[PDB]
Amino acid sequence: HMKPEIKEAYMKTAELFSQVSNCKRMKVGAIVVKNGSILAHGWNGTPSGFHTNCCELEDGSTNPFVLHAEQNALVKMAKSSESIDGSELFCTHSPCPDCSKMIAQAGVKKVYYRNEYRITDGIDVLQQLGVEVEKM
């Protein structure tokens, strides 16, 4: 059903859209895949129309205004006319615990990720809520 070739293609598509991020700390990308369709592609950045597109606060920390690639993928799916329920998620980085909570409640059956985010606990949050997790 989901061959190693297409599964690689979706993950590489995630890596492409992470490069669109203006982020200095980490460039993150998220892809929502359902029935051979990419319904959303999210990357980390400040809100639409924000006074700056810089993700960092001058103290070295990420601005609390910036949205995570997963949040942007969820928000897009809410603005979309297609359901996120039953879809799969291709992330460049494992989602944070706050995001993993929403991803599970959204009805995403499986999360694919390539790299580990500094907070690993999101993986456990996903599996504890009945979401499959595969590192590739």
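A residue's number is simply how far along the shown sequence it sits, counting from 1.
Colleague: For the stretches 77 to 85 and 105 to 113, which has the higher mean C-alpha B-factor as given in the deposited record?
Modeller: Between 105 to 113 and 77 to 85, it is 77 to 85 that shows the higher mean C-alpha B-factor.
Colleague: Tell me which stretch, 117 to 125 or 12 to 20, has the higher mean Cα B-factor listed in the entry.
Modeller: Result: 117 to 125.
Colleague: Return the residue from 36, 47, 42, 64 that has the highest Cα B-factor in the entry.
Modeller: Reading the PDB entry, the winner on C-alpha B-factor is 36.
Colleague: For residue 100, return the chain-relative third of its C-alpha B-factor as stated in the PDB record: lowest, middle or highest.
Modeller: Its C-alpha B-factor, which the entry lists for residue 100, ranks in the middle third among residues of this chain.
Colleague: Give the position of residue 54 by CA B-factor within its chain, expressed as the lowest, middle or highest third.
Modeller: CA B-factor rank for residue 54: highest third.
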